[PDB]
Amino acid sequence: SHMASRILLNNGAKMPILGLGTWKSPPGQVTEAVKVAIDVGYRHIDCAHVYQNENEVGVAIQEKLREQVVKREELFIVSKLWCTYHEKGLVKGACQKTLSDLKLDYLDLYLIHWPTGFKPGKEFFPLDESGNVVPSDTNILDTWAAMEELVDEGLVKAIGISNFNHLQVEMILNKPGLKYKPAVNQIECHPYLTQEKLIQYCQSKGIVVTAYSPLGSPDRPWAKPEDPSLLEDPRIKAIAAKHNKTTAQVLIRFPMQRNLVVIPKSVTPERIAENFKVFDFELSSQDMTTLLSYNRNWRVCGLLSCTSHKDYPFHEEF
Ligand SMILES: NC(=O)c1ccc[n+]([C@@H]2O[C@H](COP(=O)([O-])OP(=O)(O)OC[C@H]3O[C@@H](n4cnc5c(N)ncnc54)[C@H](OP(=O)(O)O)[C@@H]3O)[C@@H](O)[C@H]2O)c1
């Protein structure tokens with residue numbers, strides 16, 4: 001379908017363009033979800049410590065390795081450093097906890113989950129008595145240096161960023177003494193948040209973009225009935241019908257044809273399989289431009305409790 005399965009990263013490794021998301025996947029369902037995904041062809045799993053389900057994801061990965069359904073070198077496992085671990089002295093331990101839970105001896109890619117550092121401690125969103133999230137002082141260039149050390153210690157093959165705006169990406173690229181460029185910026189992207197400016201910037205610097213919430217995250221916990229709904233948009237349904245595919249399949253193919261990686265989440269076996277069957281059709285340029293035209297700057301993930309943080313990413317235009 002004029003579509004290779006992997007994209008070359010600036011660390012020299014190849015990354016599967018379609019992965020399985022795991023945010024909100026219940027711990028009692030995610031082991032089967034990941035097993036099914038690997039069985040039906042997925043080779044990339046997107047994880048995070050803050051999702052609280054890495055142990056269960058890891059059970060699935062380990063079983064499929066033990067069963068010899070896949071070899072470790074064929075898998076591309078991604079996780080993310082949570083905001084309460086931006087300190088120099090906490091990054092390695094946070095990575096190692098993720099490795100121990102996923103039952104891996106390296107990650108293919110480790111991302112700074114958000115540019116905002118928070119006070120370390122047990123709470124993922126530490127609050128002051130008035131409800132503000134308590135920041136860390138550690139600046140993100142120092143967090144990046146700590147990520148670089150993980151490459152040099154063999155814990156991770158690639159490092160990257162997530163939810164960074166273009167000025168924050170530029171800060172990393174302009175870092176004095178930069179040793180490794182970010183390989184990936186993982187950002188929200190779908191027809192209602194098309195991200196042209198940030199995607200162009202990242203791609204022009206050789207940074208691969210991964211699109212999260214490609215279906216508009218209908219299970220996001222703050223969903224309101226009045227919100228827009230990609231899967232129910234009749235205009236997108238019409239493009240899907242024309243191609244004899246589902247709306248979800250169109251929504252997944254869309255970022256693929258922008259040279260993005262995409263990570264739809266499901267715990268439903270039939271949908272996991274459906275979502276992978278996107279290498280057998282092509283959207284036209286006109287389809288692509290039409291889908292881009294639906295942009296409304298609508299965000300699933302605004303980190304809305306953190307808008308006063310000095311490194312909050314979404315005040316900038318892009
Ligand atoms: N870096 C970040 O800050 C960040 C933020 C958000 C997301 N992410 C990553 O991106 C992944 C994907 O984003 P997301 O989880 O927000 O949402 P999403 O992938 O846009 O949507 C997931 C929702 O769509 C449903 N669904 C999946 N396939 C479907 C299909 N074929 N037909 C109908 N409904 C379908 C799922 O239901 P069922 O599961 O019940 O089947 C679930 O409710 C996350 O899981 C996470 O790995 C990263």
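Quick note: residue numbers are just sequence positions, from 1. Computed from heavy atoms alone, side chains included, the values below leave out hydrogens, waters and symmetry copies. Note that ligands are numbered from 1 as they come in the structure, with each ligand's atoms numbered from 1 the same way.
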Q) Given that the side chain starts at C-beta and the backbone is N, CA, C, O, which of these parts of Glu188 lies under 4.0 Å from ligand 1, counting heavy atoms, or is it both or neither? A) neither
**Q.** Ring centers of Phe125, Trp82 separated by less than 6.0 Å
**A.** yes
Q.
I want to know whether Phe118 and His86 have ring centres closer than 6.0 Å.
A. no
Q: Return yes if some donor-acceptor pair links the side-chain N/O of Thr22 with the main-chain N/O of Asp46 below 3.5 Å, else return no.
A: yes
Q.
With clusters defined by side-chain heavy atoms of hydrophobic residues (ILVMFWY) lying less than 4.5 Å apart, directly or transitively, does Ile272 cluster with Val59?
A. no
Q. Taking atom types as modelled, is there a side-chain donor on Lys103 or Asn55 under 3.5 Å from an acceptor on the other?
A. yes
Q: Report, in ascending order of atom number, the atoms of ligand 1 lying under 4.0 Å from any heavy atom of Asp219.
A: 22 (C), 23 (C), 42 (C), 43 (O)
Q) For ligand 1, which atoms sit closer than 4.0 Å to a heavy atom of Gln186? A) 1 (N), 2 (C), 4 (C), 8 (N), 9 (C), 48 (C)
Q | Geometric N/O contact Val267 with ligand 1, under 3.5 angstrom | A | yes
(Q) Applying a heavy-atom cut-off of 4.0 Å, say which part of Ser217 lies close to ligand 1: side chain, backbone, both or neither. (A) both
**Q.** Proximal ligand 1 atoms for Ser162, defined as those under 4.0 Å from one of its heavy atoms
**A.** 1 (N), 2 (C)
Q | Close approach, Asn275 and ligand 1, non-hydrogen under 4.0 angstrom | A | yes
Q. Looking only at side chains, do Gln286 and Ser284 share a donor and an acceptor under 3.5 Å apart?
A. no
Q. Hey, is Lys265 touching ligand 1 through its side chain, its backbone, both or neither, going by heavy atoms under 4.0 Å?
A. both
(Q) Only heavy atoms of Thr268, strictly under 4.0 Å: list the atoms of ligand 1 that pass. (A) 38 (P), 40 (O), 41 (O)
**Q.** Counterpart residues, side-chain contact (heavy atoms from CB on, under 4.5 Å), relative to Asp233 (two or more places apart)
**A.** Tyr192, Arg235, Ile236
(Q) For the aromatic rings, using the six-membered ring if either is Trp, is the centroid distance between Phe124 and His49 under 6.0 Å? (A) yes
Q: List every atom of ligand 1 that sits less than 4.0 Å from any heavy atom of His113, numbering the atoms from 1 in the order shown and giving each element.
A: 1 (N), 2 (C), 3 (O)
(Q) Under 4.0 Å from a heavy atom of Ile263: which atoms of ligand 1 are those, numbered in the order shown and with their elements? (A) 9 (C), 10 (O), 11 (C), 12 (C)
**Q.** Contacting atoms of ligand 1, where contact means under 4.0 angstrom from a heavy atom of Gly21
**A.** 11 (C), 45 (O), 47 (O)
Q: Just let me know how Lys24 lines up against ligand 1, side chain, backbone, both or neither, with a heavy-atom cut-off below 4.0 Å.
A: side chain
Q: Return yes if a side-chain donor-acceptor contact under 3.5 Å exists between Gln249 and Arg253, otherwise no.
A: no
Q: Mark up the atoms of ligand 1 that fall under 4.0 Å of a heavy atom belonging to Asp46, in ascending order.
A: 9 (C), 46 (C), 47 (O)
Q) Which option out of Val30, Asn163, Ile252 puts a heavy atom nearest to atom 3 (O) of ligand 1? A) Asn163
Q.
With clusters defined by side-chain heavy atoms of hydrophobic residues (ILVMFWY) lying less than 4.5 Å apart, directly or transitively, does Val34 cluster with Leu99?
A. yes
Q. Who passes side-chain contact (heavy atoms from CB on, under 4.5 Å) against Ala248, sequence neighbours left out?
A. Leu215, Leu231, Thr246, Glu274, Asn275
Q. Is the closest heavy-atom distance from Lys80 to ligand 1 below 4.0 Å?
A. yes
**Q.** Residue part near ligand 1, for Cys301, under 4.0 Å between non-hydrogen atoms
**A.** side chain
Q. Is a side-chain N or O of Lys245 found less than 3.5 angstrom from the main chain of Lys277, in a donor-acceptor match?
A. yes
(Q) Do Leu20 and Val36 land in one hydrophobic cluster if side-chain heavy atoms of ILVMFWY residues count as linked below 4.5 Å? (A) yes
**Q.** Side chain, backbone, both or neither: the part of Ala248 lying under 4.0 Å from ligand 1 by heavy atom
**A.** side chain
Q) Taking non-hydrogen atoms only, is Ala48 closer than 4.0 angstrom to ligand 1 via side chain, backbone, both or neither? A) neither
Q: Report the part of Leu231 (side chain from C-beta onward, or backbone N, CA, C, O) that has a heavy atom under 4.0 Å from ligand 1; answer both or neither where that applies.
A: side chain
Q. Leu215 to ligand 1: N or O pair under 3.5 Å?
A. yes
